There are 4 protein chains.
Amino acid sequence: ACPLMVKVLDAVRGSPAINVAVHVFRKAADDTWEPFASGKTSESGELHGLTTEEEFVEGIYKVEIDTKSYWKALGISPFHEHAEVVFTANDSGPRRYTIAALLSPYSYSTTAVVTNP
Amino acid sequence: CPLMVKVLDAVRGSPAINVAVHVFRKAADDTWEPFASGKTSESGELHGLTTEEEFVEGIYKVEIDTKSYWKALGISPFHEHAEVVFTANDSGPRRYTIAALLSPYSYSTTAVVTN
Amino acid sequence: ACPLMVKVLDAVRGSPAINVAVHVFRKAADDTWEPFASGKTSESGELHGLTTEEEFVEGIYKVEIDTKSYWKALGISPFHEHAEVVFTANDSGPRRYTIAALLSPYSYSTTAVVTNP
Amino acid sequence: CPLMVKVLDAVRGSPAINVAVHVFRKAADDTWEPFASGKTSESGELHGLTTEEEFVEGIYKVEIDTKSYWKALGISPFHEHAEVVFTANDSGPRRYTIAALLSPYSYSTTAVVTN
Ligand SMILES: O=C1C[C@@H](c2ccc(O)cc2)Oc2cc(O)cc(O)c21
Ligand SMILES: O=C1C[C@@H](c2ccc(O)cc2)Oc2cc(O)cc(O)c21
Ligand SMILES: [Ca+2]
Ligand SMILES: [Ca+2]
């Protein structure tokens with residue numbers, strides 16, 4: 001019953017991207033981004049436990065993935081500052097969201113898998 | 001031009017036409033000051049955003065209005081938009097092409113930077 | 001200890017791609033593709049149990065994913081006949097391979113995550 | 001031309017230059033008969049593979065020699081190559097651009113088909 005999971009993979013090494021910082025924000029009624037949760041990717045490149053079913057109410061959310069630090073630490077100066085995912089959540093009732101990102105120094109892809117528990 | 005944006009549609013196998021694109025420059029106060037905008041052409045390209053003089057070093061944001069594009073096609077989208085944030089010109093002036101490949105629940109962006 | 005897993009996701013629906021046929025082949029000493037394993041993706045879009053550590057000897061392998069049937073069944077005539085992954089395996093000792101594919105009607109991406117148990 | 005192939009490098013943020021590409025047509029016996037080939041240009045493009053007359057309906061294979069490209073750059077690659085298999089012209093003649101974005105452990109291909 002974790003309703004939000006983020007998973008990050010490295011397209012160069014063919015590996016999970018470990019220790020990647022992730023910050024999650026929620027758009028406020030006044031229209032600004034309130035901090036909602038944060039964490040770092042595990043060995044498996046996954047970040048669990050960000051939120052709960054109750055807390056994770058309808059809204060617009062932003063997941064910012066600190067790809068730049070991940071590359072810089074490997075000696076690489078990447079193109080992007082970060083990878084950002086912005087989406088409306090739970091608009092038709094609660095769902096479970098997996099936000100997956102695949103990283104290369106000059107490219108990233110992002111895909112959402114959304115399921116109905 | 002020093003900056004071009006090009007958008008493709010993975011569902012139809014075509015350029016993504018009439019997609020709104022906004023470009024911003026990060027301000028001293030860490031706000032985004034809007035800088036240039038346009039809509040992609042019938043080839044999915046947006047040219048003429050900026051000039052070599054104007055396009056000085058800094059951190060830039062390209063915001064692509066993916067949601068409106070999908071809505072227009074009658075297809076439900078996941079993302080609000082697709083954003084590309086990058087530092088420009090850090091080693092000199094370059095020509096940047098920002099390319100995006102769009103699916104309703106996924107997108108991929110790549111930069112082709114040539115000097 | 002499953003050394004080969006294939007995972008397929010649908011970029012249109014934001015879902016696993018279920019019931020996707022997958023065929024695996026191994027290049028023979030005579031240079032032709034011998035059938036090695038086959039299966040279909042589960043509800044979670046994953047296919048496990050293709051092979052074993054002992055069977056999965058060094059070689060060149062091909063994973064063919066029947067994307068066309070997956071789309072056609074949804075009413076869609078897709079661009080690709082299939083998605084094929086060809087790779088050398090276990091060249092430096094045994095590894096565990098996850099072959100992931102993300103599908104759209106006119107595009108697919110494939111990524112390998114390779115780990116050392 | 002009715003068929004173009006374009007290859008980009010996600011590691012360097014550049015066109016992938018001097019990449020070998022082979023094109024095949026499926027034969028009656030379900031073998032691949034090699035049809036056209038080339039190497040990508042400094043812009044990552046390969047033009048001139050075929051002509052409208054020659055490019056009749058059928059099933060075609062495009063094989064991109066990704067492995068050699070990475071080897072040349074000194075980077076270890078996962079794939080032997082990247083293949084694109086598709087049926088051409090089923091609704092009429094079209095112009096096909098096959099685009100590939102390459103990373104050492106990943107690739108993505110997309111078709112832009114215009115009539
Ligand atoms: O290995 C991958 C690659 C990743 C991915 C592919 C494409 C994309 O656009 C974004 C992420 O997809 C995945 C999604 C998963 O749930 C688990 C995975 O192991 C993987
Ligand atoms: O930079 C890119 C990436 C590429 C692409 C992205 C995703 C994918 O899955 C396959 C190809 O598309 C392009 C197509 C072009 O005409 C010019 C380009 O610069 C690009
Ligand atoms: Ca400059
Ligand atoms: Ca024809």
# chains A, B, ... in the order shown; residues from 1 in each chain; ligands from 1
>>> interface_residues(of="chain C", to="chain A", cutoff="8 Å", atoms="only C-alpha atoms", output="MDAnalysis selection string")
chainID C and resid 9 11 14:16 111:115
>>> calpha_fit_and_write(fixed="chain C", moving="chain A", output="PDB file with C-alpha atoms, in the first residue's frame")
ATOM      1  CA  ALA A   1      18.028 -17.506  -9.296  1.00  0.00           C
ATOM      2  CA  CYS A   2      16.282 -16.812 -12.538  1.00  0.00           C
ATOM      3  CA  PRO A   3      19.011 -15.513 -14.733  1.00  0.00           C
ATOM      4  CA  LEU A   4      16.736 -14.092 -17.445  1.00  0.00           C
ATOM      5  CA  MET A   5      13.628 -12.019 -16.974  1.00  0.00           C
ATOM      6  CA  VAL A   6      11.712  -9.992 -19.574  1.00  0.00           C
ATOM      7  CA  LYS A   7       9.392  -7.148 -18.615  1.00  0.00           C
ATOM      8  CA  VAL A   8       7.049  -5.298 -20.968  1.00  0.00           C
ATOM      9  CA  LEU A   9       5.241  -1.987 -20.383  1.00  0.00           C
ATOM     10  CA  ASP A  10       2.581  -0.124 -22.372  1.00  0.00           C
ATOM     11  CA  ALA A  11       3.370   3.614 -22.831  1.00  0.00           C
ATOM     12  CA  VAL A  12      -0.081   4.436 -24.034  1.00  0.00           C
ATOM     13  CA  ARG A  13      -2.082   3.073 -21.098  1.00  0.00           C
ATOM     14  CA  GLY A  14       0.636   3.329 -18.487  1.00  0.00           C
ATOM     15  CA  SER A  15       0.338  -0.252 -17.631  1.00  0.00           C
ATOM     16  CA  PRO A  16       2.051  -3.580 -17.841  1.00  0.00           C
ATOM     17  CA  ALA A  17       1.639  -5.207 -21.196  1.00  0.00           C
ATOM     18  CA  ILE A  18      -0.038  -8.452 -20.439  1.00  0.00           C
ATOM     19  CA  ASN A  19      -0.092 -11.622 -22.417  1.00  0.00           C
ATOM     20  CA  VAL A  20       2.697 -10.680 -24.708  1.00  0.00           C
ATOM     21  CA  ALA A  21       4.411 -13.584 -26.386  1.00  0.00           C
ATOM     22  CA  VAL A  22       8.157 -13.851 -26.077  1.00  0.00           C
ATOM     23  CA  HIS A  23      10.549 -16.256 -27.818  1.00  0.00           C
ATOM     24  CA  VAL A  24      14.150 -16.717 -26.905  1.00  0.00           C
ATOM     25  CA  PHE A  25      16.805 -18.184 -29.198  1.00  0.00           C
ATOM     26  CA  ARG A  26      20.500 -19.060 -28.872  1.00  0.00           C
ATOM     27  CA  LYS A  27      22.996 -18.779 -31.670  1.00  0.00           C
ATOM     28  CA  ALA A  28      24.352 -22.166 -32.570  1.00  0.00           C
ATOM     29  CA  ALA A  29      27.919 -23.185 -33.301  1.00  0.00           C
ATOM     30  CA  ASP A  30      26.848 -23.384 -36.911  1.00  0.00           C
ATOM     31  CA  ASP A  31      25.552 -19.882 -36.666  1.00  0.00           C
ATOM     32  CA  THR A  32      21.773 -20.380 -36.818  1.00  0.00           C
ATOM     33  CA  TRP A  33      19.175 -19.409 -34.151  1.00  0.00           C
ATOM     34  CA  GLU A  34      18.141 -22.385 -32.058  1.00  0.00           C
ATOM     35  CA  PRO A  35      14.911 -22.093 -30.050  1.00  0.00           C
ATOM     36  CA  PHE A  36      15.810 -21.754 -26.371  1.00  0.00           C
ATOM     37  CA  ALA A  37      12.707 -20.765 -24.421  1.00  0.00           C
ATOM     38  CA  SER A  38       9.347 -19.154 -24.722  1.00  0.00           C
ATOM     39  CA  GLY A  39       6.556 -17.726 -22.710  1.00  0.00           C
ATOM     40  CA  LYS A  40       3.990 -14.992 -22.186  1.00  0.00           C
ATOM     41  CA  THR A  41       3.948 -11.911 -20.018  1.00  0.00           C
ATOM     42  CA  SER A  42       1.899 -12.075 -16.858  1.00  0.00           C
ATOM     43  CA  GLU A  43      -0.497  -9.562 -15.383  1.00  0.00           C
ATOM     44  CA  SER A  44       2.476  -7.670 -14.131  1.00  0.00           C
ATOM     45  CA  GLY A  45       4.026  -7.694 -17.562  1.00  0.00           C
ATOM     46  CA  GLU A  46       6.777  -9.940 -16.497  1.00  0.00           C
ATOM     47  CA  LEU A  47       8.013 -13.258 -17.772  1.00  0.00           C
ATOM     48  CA  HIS A  48       9.977 -15.376 -15.405  1.00  0.00           C
ATOM     49  CA  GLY A  49      11.232 -18.900 -15.471  1.00  0.00           C
ATOM     50  CA  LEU A  50      12.629 -18.972 -18.927  1.00  0.00           C
ATOM     51  CA  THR A  51      15.860 -20.685 -18.012  1.00  0.00           C
ATOM     52  CA  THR A  52      18.225 -21.769 -15.340  1.00  0.00           C
ATOM     53  CA  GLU A  53      21.667 -20.892 -14.234  1.00  0.00           C
ATOM     54  CA  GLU A  54      23.064 -24.174 -15.592  1.00  0.00           C
ATOM     55  CA  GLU A  55      21.326 -24.049 -18.977  1.00  0.00           C
ATOM     56  CA  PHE A  56      22.059 -20.381 -19.590  1.00  0.00           C
ATOM     57  CA  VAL A  57      25.637 -20.821 -20.827  1.00  0.00           C
ATOM     58  CA  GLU A  58      27.758 -18.196 -22.546  1.00  0.00           C
ATOM     59  CA  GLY A  59      26.428 -17.308 -25.889  1.00  0.00           C
ATOM     60  CA  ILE A  60      24.565 -14.944 -28.101  1.00  0.00           C
ATOM     61  CA  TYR A  61      20.895 -14.760 -27.411  1.00  0.00           C
ATOM     62  CA  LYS A  62      17.906 -13.233 -29.128  1.00  0.00           C
ATOM     63  CA  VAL A  63      14.700 -12.251 -27.338  1.00  0.00           C
ATOM     64  CA  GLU A  64      11.819 -11.619 -29.747  1.00  0.00           C
ATOM     65  CA  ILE A  65       8.837  -9.839 -28.330  1.00  0.00           C
ATOM     66  CA  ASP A  66       5.577 -10.089 -30.253  1.00  0.00           C
ATOM     67  CA  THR A  67       4.532  -6.486 -30.001  1.00  0.00           C
ATOM     68  CA  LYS A  68       2.478  -6.605 -33.152  1.00  0.00           C
ATOM     69  CA  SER A  69      -0.054  -9.079 -31.829  1.00  0.00           C
ATOM     70  CA  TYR A  70      -0.274  -7.039 -28.599  1.00  0.00           C
ATOM     71  CA  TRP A  71      -1.243  -3.939 -30.520  1.00  0.00           C
ATOM     72  CA  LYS A  72      -3.451  -5.674 -33.076  1.00  0.00           C
ATOM     73  CA  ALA A  73      -5.551  -7.132 -30.260  1.00  0.00           C
ATOM     74  CA  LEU A  74      -6.150  -3.588 -29.036  1.00  0.00           C
ATOM     75  CA  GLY A  75      -7.318  -2.642 -32.512  1.00  0.00           C
ATOM     76  CA  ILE A  76      -4.073  -1.017 -33.542  1.00  0.00           C
ATOM     77  CA  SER A  77      -1.900  -1.589 -36.525  1.00  0.00           C
ATOM     78  CA  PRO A  78       1.593  -0.792 -35.184  1.00  0.00           C
ATOM     79  CA  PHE A  79       4.730   0.043 -37.040  1.00  0.00           C
ATOM     80  CA  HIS A  80       6.946  -2.789 -35.867  1.00  0.00           C
ATOM     81  CA  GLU A  81       6.591  -6.504 -36.564  1.00  0.00           C
ATOM     82  CA  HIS A  82       8.217  -7.184 -33.228  1.00  0.00           C
ATOM     83  CA  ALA A  83      10.857  -6.012 -30.801  1.00  0.00           C
ATOM     84  CA  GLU A  84      14.107  -7.988 -30.857  1.00  0.00           C
ATOM     85  CA  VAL A  85      16.908  -7.926 -28.349  1.00  0.00           C
ATOM     86  CA  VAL A  86      20.203  -9.526 -29.264  1.00  0.00           C
ATOM     87  CA  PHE A  87      23.017  -9.808 -26.875  1.00  0.00           C
ATOM     88  CA  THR A  88      26.034 -11.751 -25.672  1.00  0.00           C
ATOM     89  CA  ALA A  89      25.464 -13.275 -22.338  1.00  0.00           C
ATOM     90  CA  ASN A  90      27.702 -14.421 -19.538  1.00  0.00           C
ATOM     91  CA  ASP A  91      30.871 -13.480 -21.323  1.00  0.00           C
ATOM     92  CA  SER A  92      32.585 -12.699 -18.087  1.00  0.00           C
ATOM     93  CA  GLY A  93      30.794 -15.198 -15.913  1.00  0.00           C
ATOM     94  CA  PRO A  94      27.183 -15.638 -14.986  1.00  0.00           C
ATOM     95  CA  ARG A  95      24.945 -12.635 -14.604  1.00  0.00           C
ATOM     96  CA  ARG A  96      21.277 -11.991 -14.120  1.00  0.00           C
ATOM     97  CA  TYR A  97      19.578 -10.168 -17.023  1.00  0.00           C
ATOM     98  CA  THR A  98      16.386  -8.194 -17.004  1.00  0.00           C
ATOM     99  CA  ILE A  99      15.281  -7.217 -20.481  1.00  0.00           C
ATOM    100  CA  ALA A 100      12.715  -4.399 -20.284  1.00  0.00           C
ATOM    101  CA  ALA A 101      10.692  -3.065 -23.195  1.00  0.00           C
ATOM    102  CA  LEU A 102       8.440  -0.047 -23.322  1.00  0.00           C
ATOM    103  CA  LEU A 103       5.939  -0.058 -26.136  1.00  0.00           C
ATOM    104  CA  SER A 104       4.174   2.492 -28.244  1.00  0.00           C
ATOM    105  CA  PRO A 105       2.484   1.901 -31.572  1.00  0.00           C
ATOM    106  CA  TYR A 106       5.277   3.597 -33.532  1.00  0.00           C
ATOM    107  CA  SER A 107       8.153   3.278 -31.098  1.00  0.00           C
ATOM    108  CA  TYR A 108       9.799   0.994 -28.592  1.00  0.00           C
ATOM    109  CA  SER A 109      12.651   1.272 -26.208  1.00  0.00           C
ATOM    110  CA  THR A 110      14.629  -1.484 -24.663  1.00  0.00           C
ATOM    111  CA  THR A 111      16.848  -1.504 -21.626  1.00  0.00           C
ATOM    112  CA  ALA A 112      18.932  -4.196 -19.924  1.00  0.00           C
ATOM    113  CA  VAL A 113      19.679  -4.271 -16.252  1.00  0.00           C
ATOM    114  CA  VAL A 114      22.489  -6.679 -15.580  1.00  0.00           C
ATOM    115  CA  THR A 115      23.454  -7.702 -12.145  1.00  0.00           C
ATOM    116  CA  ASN A 116      26.054  -9.824 -10.501  1.00  0.00           C
ATOM    117  CA  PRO A 117      24.289 -12.055  -7.941  1.00  0.00           C
TER     118      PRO A 117
END
>>> residues_near_ligand(ligand="ligand 2", cutoff="7 Å", atoms="only C-alpha atoms and all ligand atoms", output="tab-separated table (two decimals) with N, CA, C and O atoms, in the first residue's frame")
chain	number	residue	atom	x	y	z
B	6	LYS	N	12.30	20.02	-31.11
B	6	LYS	CA	11.64	19.21	-32.06
B	6	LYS	C	10.81	18.11	-31.34
B	6	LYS	O	11.31	17.55	-30.44
B	97	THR	N	19.75	21.23	-30.02
B	97	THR	CA	18.48	20.74	-30.44
B	97	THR	C	17.93	19.91	-29.27
B	97	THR	O	18.57	19.05	-28.82
B	98	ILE	N	16.75	20.28	-28.83
B	98	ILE	CA	16.06	19.54	-27.79
B	98	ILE	C	14.96	18.75	-28.44
B	98	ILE	O	14.07	19.31	-28.97
B	99	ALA	N	15.06	17.44	-28.37
B	99	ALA	CA	14.12	16.59	-29.05
B	99	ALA	C	13.33	15.83	-28.02
B	99	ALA	O	13.88	15.39	-27.11
B	100	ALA	N	12.05	15.78	-28.24
B	100	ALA	CA	11.13	15.04	-27.36
B	100	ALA	C	10.30	14.04	-28.12
B	100	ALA	O	9.75	14.37	-29.09
B	101	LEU	N	10.21	12.83	-27.58
B	101	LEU	CA	9.38	11.82	-28.15
B	101	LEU	C	8.26	11.51	-27.13
B	101	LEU	O	8.54	11.17	-26.11
B	108	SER	N	10.42	10.87	-23.65
B	108	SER	CA	11.87	10.85	-23.66
B	108	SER	C	12.43	12.10	-24.34
B	108	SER	O	12.02	12.45	-25.44
B	109	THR	N	13.37	12.77	-23.68
B	109	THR	CA	14.03	13.91	-24.23
B	109	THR	C	15.52	13.70	-24.40
B	109	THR	O	16.17	13.17	-23.59
B	110	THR	N	16.02	14.23	-25.49
B	110	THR	CA	17.40	14.12	-25.76
B	110	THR	C	17.90	15.45	-26.29
B	110	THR	O	17.18	16.17	-26.86
B	111	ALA	N	19.15	15.74	-26.00
B	111	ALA	CA	19.83	16.92	-26.55
B	111	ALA	C	20.91	16.52	-27.53
B	111	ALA	O	21.66	15.69	-27.26
B	112	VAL	N	20.90	17.21	-28.67
B	112	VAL	CA	21.96	17.09	-29.65
B	112	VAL	C	22.64	18.46	-29.68
B	112	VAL	O	22.04	19.41	-30.01
C	107	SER	N	6.89	3.22	-31.73
C	107	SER	CA	8.15	3.28	-31.10
C	107	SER	C	8.25	2.20	-30.00
C	107	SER	O	7.31	1.87	-29.47
C	108	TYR	N	9.45	1.75	-29.78
C	108	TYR	CA	9.80	0.99	-28.59
C	108	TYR	C	11.24	1.31	-28.15
C	108	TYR	O	12.06	1.63	-28.88
C	109	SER	N	11.39	1.14	-26.86
C	109	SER	CA	12.65	1.27	-26.21
C	109	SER	C	12.94	-0.02	-25.48
C	109	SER	O	12.08	-0.66	-25.04
D	8	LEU	N	21.19	8.81	-33.22
D	8	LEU	CA	21.70	9.74	-32.25
D	8	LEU	C	22.35	8.99	-31.06
D	8	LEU	O	21.98	7.91	-30.79
D	99	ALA	N	14.33	6.38	-36.71
D	99	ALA	CA	15.23	7.09	-35.86
D	99	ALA	C	15.57	6.22	-34.68
D	99	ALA	O	14.73	5.62	-34.18
D	100	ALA	N	16.83	6.20	-34.36
D	100	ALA	CA	17.34	5.43	-33.21
D	100	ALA	C	18.13	6.30	-32.26
D	100	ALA	O	18.96	6.99	-32.68
D	101	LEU	N	17.85	6.15	-30.97
D	101	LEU	CA	18.59	6.84	-29.96
D	101	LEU	C	19.33	5.77	-29.13
D	101	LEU	O	18.74	4.98	-28.62
D	108	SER	N	16.28	3.14	-28.19
D	108	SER	CA	14.89	3.42	-28.55
D	108	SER	C	14.78	3.77	-30.03
D	108	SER	O	15.52	4.62	-30.53
D	109	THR	N	13.84	3.13	-30.72
D	109	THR	CA	13.58	3.42	-32.09
D	109	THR	C	12.17	3.92	-32.32
D	109	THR	O	11.24	3.46	-31.78
D	110	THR	N	12.07	4.88	-33.22
D	110	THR	CA	10.81	5.42	-33.55
D	110	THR	C	10.73	5.60	-35.04
D	110	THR	O	11.69	5.76	-35.68
>>> residues_near_ligand(ligand="ligand 3", cutoff="10 Å", atoms="only C-alpha atoms and all ligand atoms", output="ChimeraX atom specification")
/B:52-58,88-94
>>> interface_residues(of="chain B", to="chain A", cutoff="7 Å", atoms="only C-alpha atoms", output="compact mmCIF listing (two decimals) with C-alpha atoms, in the first residue's frame")
# COMPACT_ATOMS: atom_id res chain seq x y z
CA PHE B 78 -0.40 11.30 -17.68
CA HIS B 79 1.86 14.33 -17.52
CA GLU B 80 0.98 17.97 -17.10
CA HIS B 81 3.83 18.84 -19.44
CA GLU B 83 10.15 20.08 -18.97
CA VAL B 85 16.13 22.14 -17.68
CA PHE B 86 19.73 22.66 -18.65
CA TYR B 105 2.15 7.86 -20.35
CA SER B 106 5.79 8.35 -21.21
CA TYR B 107 8.20 10.80 -22.73
CA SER B 108 11.87 10.85 -23.66
CA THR B 109 14.03 13.91 -24.23
CA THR B 110 17.40 14.12 -25.76
CA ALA B 111 19.83 16.92 -26.55
>>> select_by_dssp(residues="stretch 2-82 of chain D", states="strand (DSSP E)", output="CSV table (one decimal) with N, CA, C and O atoms, in the first residue's frame")
chain,number,residue,atom,x,y,z
D,3,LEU,N,13.0,6.1,-47.7
D,3,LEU,CA,13.5,5.6,-46.5
D,3,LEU,C,14.7,6.3,-46.0
D,3,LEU,O,15.7,6.4,-46.7
D,4,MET,N,14.7,6.8,-44.8
D,4,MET,CA,15.8,7.5,-44.2
D,4,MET,C,16.1,6.9,-42.8
D,4,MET,O,15.1,6.5,-42.2
D,5,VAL,N,17.3,6.8,-42.4
D,5,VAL,CA,17.6,6.3,-41.1
D,5,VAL,C,18.5,7.3,-40.4
D,5,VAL,O,19.4,7.8,-40.9
D,6,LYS,N,18.1,7.6,-39.1
D,6,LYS,CA,18.8,8.6,-38.4
D,6,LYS,C,19.2,8.1,-37.0
D,6,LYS,O,18.4,7.6,-36.4
D,7,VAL,N,20.5,8.3,-36.6
D,7,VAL,CA,21.0,7.7,-35.4
D,7,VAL,C,21.6,8.8,-34.5
D,7,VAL,O,22.4,9.5,-34.9
D,8,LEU,N,21.2,8.8,-33.2
D,8,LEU,CA,21.7,9.7,-32.3
D,8,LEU,C,22.3,9.0,-31.1
D,8,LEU,O,22.0,7.9,-30.8
D,9,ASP,N,23.3,9.7,-30.4
D,9,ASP,CA,24.1,9.1,-29.3
D,9,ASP,C,23.7,9.9,-28.0
D,9,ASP,O,23.9,11.0,-27.9
D,14,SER,N,25.0,13.9,-29.4
D,14,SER,CA,25.4,14.1,-30.7
D,14,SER,C,24.8,13.1,-31.7
D,14,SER,O,24.3,12.2,-31.4
D,15,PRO,N,25.0,13.4,-33.0
D,15,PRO,CA,24.6,12.4,-34.0
D,15,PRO,C,25.6,11.3,-33.8
D,15,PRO,O,26.6,11.6,-33.4
D,20,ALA,N,27.3,1.8,-39.3
D,20,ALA,CA,26.8,1.0,-40.3
D,20,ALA,C,25.4,0.6,-40.2
D,20,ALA,O,24.9,0.2,-39.2
D,21,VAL,N,24.7,0.7,-41.3
D,21,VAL,CA,23.3,0.3,-41.4
D,21,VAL,C,23.1,-0.6,-42.6
D,21,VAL,O,23.5,-0.3,-43.7
D,22,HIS,N,22.5,-1.8,-42.4
D,22,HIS,CA,22.1,-2.7,-43.4
D,22,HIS,C,20.6,-2.9,-43.5
D,22,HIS,O,20.0,-3.0,-42.5
D,23,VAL,N,20.0,-2.9,-44.7
D,23,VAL,CA,18.6,-3.1,-44.9
D,23,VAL,C,18.4,-4.4,-45.7
D,23,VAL,O,19.1,-4.7,-46.6
D,24,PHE,N,17.4,-5.1,-45.3
D,24,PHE,CA,17.0,-6.3,-45.9
D,24,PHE,C,15.5,-6.4,-46.2
D,24,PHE,O,14.7,-5.7,-45.6
D,25,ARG,N,15.1,-7.2,-47.2
D,25,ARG,CA,13.8,-7.5,-47.5
D,25,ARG,C,13.4,-9.0,-47.3
D,25,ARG,O,14.2,-9.7,-47.6
D,26,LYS,N,12.3,-9.2,-46.7
D,26,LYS,CA,12.0,-10.6,-46.5
D,26,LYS,C,11.7,-11.3,-47.8
D,26,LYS,O,10.8,-10.8,-48.5
D,32,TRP,N,16.1,-13.4,-45.1
D,32,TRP,CA,16.4,-12.0,-45.4
D,32,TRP,C,17.4,-11.8,-46.5
D,32,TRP,O,18.5,-12.0,-46.4
D,33,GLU,N,16.9,-11.2,-47.5
D,33,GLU,CA,17.8,-10.8,-48.6
D,33,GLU,C,18.2,-9.4,-48.4
D,33,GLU,O,17.5,-8.5,-48.3
D,34,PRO,N,19.5,-9.2,-48.4
D,34,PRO,CA,20.1,-7.9,-48.2
D,34,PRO,C,19.9,-7.1,-49.4
D,34,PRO,O,20.0,-7.6,-50.5
D,35,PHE,N,19.5,-5.8,-49.2
D,35,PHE,CA,18.9,-4.9,-50.1
D,35,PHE,C,19.7,-3.6,-50.3
D,35,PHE,O,20.0,-3.2,-51.3
D,36,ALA,N,20.1,-2.9,-49.2
D,36,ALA,CA,20.8,-1.7,-49.2
D,36,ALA,C,21.6,-1.5,-48.0
D,36,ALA,O,21.3,-2.1,-47.0
D,37,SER,N,22.7,-0.7,-48.1
D,37,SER,CA,23.5,-0.4,-46.9
D,37,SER,C,24.2,0.9,-47.0
D,37,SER,O,24.3,1.5,-48.0
D,38,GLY,N,24.7,1.4,-45.9
D,38,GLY,CA,25.4,2.6,-45.8
D,38,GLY,C,25.9,2.9,-44.3
D,38,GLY,O,25.8,2.1,-43.5
D,39,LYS,N,26.6,4.0,-44.2
D,39,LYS,CA,27.0,4.6,-43.0
D,39,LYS,C,26.5,6.0,-42.8
D,39,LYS,O,26.4,6.7,-43.7
D,45,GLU,N,22.6,10.8,-40.3
D,45,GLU,CA,21.6,10.4,-41.3
D,45,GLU,C,22.2,9.6,-42.4
D,45,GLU,O,23.3,9.7,-42.8
D,46,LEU,N,21.3,8.7,-42.9
D,46,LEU,CA,21.6,7.9,-44.0
D,46,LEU,C,20.4,8.0,-45.0
D,46,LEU,O,19.4,7.6,-44.7
D,58,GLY,N,6.3,-4.8,-48.6
D,58,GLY,CA,6.9,-6.0,-48.1
D,58,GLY,C,7.3,-5.7,-46.7
D,58,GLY,O,7.1,-4.8,-46.1
D,59,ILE,N,8.0,-6.7,-46.1
D,59,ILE,CA,8.5,-6.7,-44.8
D,59,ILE,C,10.0,-6.4,-44.9
D,59,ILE,O,10.7,-7.1,-45.6
D,60,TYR,N,10.5,-5.3,-44.2
D,60,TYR,CA,11.8,-4.9,-44.3
D,60,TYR,C,12.5,-4.9,-42.9
D,60,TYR,O,11.8,-4.8,-41.9
D,61,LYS,N,13.8,-5.2,-42.9
D,61,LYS,CA,14.6,-5.1,-41.7
D,61,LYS,C,15.7,-4.1,-41.9
D,61,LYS,O,16.5,-4.2,-42.8
D,62,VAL,N,15.8,-3.2,-40.9
D,62,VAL,CA,16.9,-2.4,-40.8
D,62,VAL,C,17.8,-2.8,-39.6
D,62,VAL,O,17.4,-2.7,-38.5
D,63,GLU,N,19.1,-3.1,-39.9
D,63,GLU,CA,20.0,-3.5,-38.9
D,63,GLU,C,21.1,-2.4,-38.6
D,63,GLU,O,21.8,-2.1,-39.5
D,64,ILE,N,21.1,-1.9,-37.4
D,64,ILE,CA,22.1,-0.9,-37.1
D,64,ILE,C,23.2,-1.4,-36.2
D,64,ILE,O,22.9,-2.0,-35.3
D,82,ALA,N,21.0,-3.1,-33.2
D,82,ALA,CA,19.7,-2.7,-33.1
D,82,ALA,C,19.0,-3.0,-34.4
D,82,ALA,O,19.4,-2.6,-35.3
